[PDB]
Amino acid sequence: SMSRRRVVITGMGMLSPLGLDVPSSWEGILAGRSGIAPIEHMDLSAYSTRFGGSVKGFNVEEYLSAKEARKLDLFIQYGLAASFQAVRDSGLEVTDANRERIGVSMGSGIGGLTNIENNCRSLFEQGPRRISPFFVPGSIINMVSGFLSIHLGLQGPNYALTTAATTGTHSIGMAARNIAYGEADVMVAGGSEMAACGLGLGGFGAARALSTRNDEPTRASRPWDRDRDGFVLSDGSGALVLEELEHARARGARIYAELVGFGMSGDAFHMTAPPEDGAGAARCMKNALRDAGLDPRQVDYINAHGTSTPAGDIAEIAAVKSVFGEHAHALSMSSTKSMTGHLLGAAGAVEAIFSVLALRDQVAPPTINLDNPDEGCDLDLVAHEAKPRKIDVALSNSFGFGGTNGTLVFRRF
């Protein structure tokens, strides 16, 4: 704990509704662009929600051969894309000397819902003889970590989290712990999701979790706005190359930031709804700050969970107020879900990247669509437009079904 190794971010990668890499996504974020649109090439006329954030124009053949790619669900494709981008971005070379010290932890919330839909259809219409032989290996959540390790020869710790909307945040935090306690020197960590099929929209629609603002998809995700009506379902991926500091310094790696804190908590409250005061979120953020050895006054920017739900958004404000007190009125906090929608198991991965870039570029991304902040939402929520400011420390929150909570703390380096 006092003798643990320090962990830095040397590589990043992303597919989002705003772009096919980190630079293009971030340009969208800093412009206040929505990635949400009507979902195409899919007949959603029966569904109460017919829009979301899709990854537009993705070519898996930049990362995999066609033959390899056809084995895999889109969530795996997306996770490999972000991973390969992050590894490349890191400049790391995998050798016989280091391959056992490099692991992977790429998770998903829902996994291969699209493959399950297609295979279920084949099963019901034709029978079990039309199930793909790649159905199981190409749809299971740990096959990002698995295929990444195969393709790059990674022999270190190899696993996958699934903690709903918290997955990406946990995947990064726990990979950092791996490095900090010397179980690995490098980890590829993050997550991916592709739930914009009928089971996903249908499932989340039946749970009454989604916005139904079909007439104005770009206005649907509106965190802390009084006309919010639930979250927007989005697809994509994020990956970070985490690396022990001295390992990174020794090879002259470009270091984007230091991952100084990781906190976890459980609400122990409700399956899908938070406690109204956000007490689990508060405990989680405290754990993270204490983990980082930071005073709350050192936090400059919070990338909120901020999913555009009635209860969730207000609970998150209550938690930030509780943890930060008067300093809650000094920091900036925004929800990039206003633009990206909710990427579920990838949300914390892409939001970790946006947090790192906020530190790099000294700029708080906007919460777009925040026209009439609800009762109690009186913080600097960066309404409408990106805000240049001093950011030495950034915090990223994720909260998921089951009351599972994760916070990461990043520090300028």
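We number the residues from 1 along the sequence you see. Between two forms, the rigid core is the largest collection of C-alphas that superpose within 1.5 Å.
Structural divergence in 4 other deposited structures of this protein between 124-132 and 177-185: following superposition by the core, 124-132 has C-alpha atoms lying farther from the shown form. Farther on average from this form in 4 other deposited structures of this protein lies stretch 34-42, the comparison being between 53-61 and 34-42 by RMS Cα distance after core superposition. The PDB entry reports B-factors from which the mean C-alpha value can be compared for 276-284 and 195-203; the larger average falls on 195-203.
For the two regions 121-129 and 291-299, the entry's Cα B-factors average higher over 121-129. Ranking 342, 270, 170, 222 by the C-alpha B-factor listed in the PDB entry places 270 at the top.
Note on 231, 134, 75, 262: the highest value goes to 134, judged by CA B factor as recorded. Split the chain's modelled residues into thirds by C-alpha temperature factor. Residue 57 is in the highest one. Split the chain's modelled residues into thirds by C-alpha temperature factor. Residue 185 is in the middle one.
Annotation for residue 387: CA B-factor lies in the highest third of the chain's modelled residues.
Ranked within its chain, residue 91 lands in the highest third, by CA B factor from the PDB record.
Ranked against the other modelled residues of its chain, the C-alpha B-factor of residue 350 as given in the entry falls in the lowest third.
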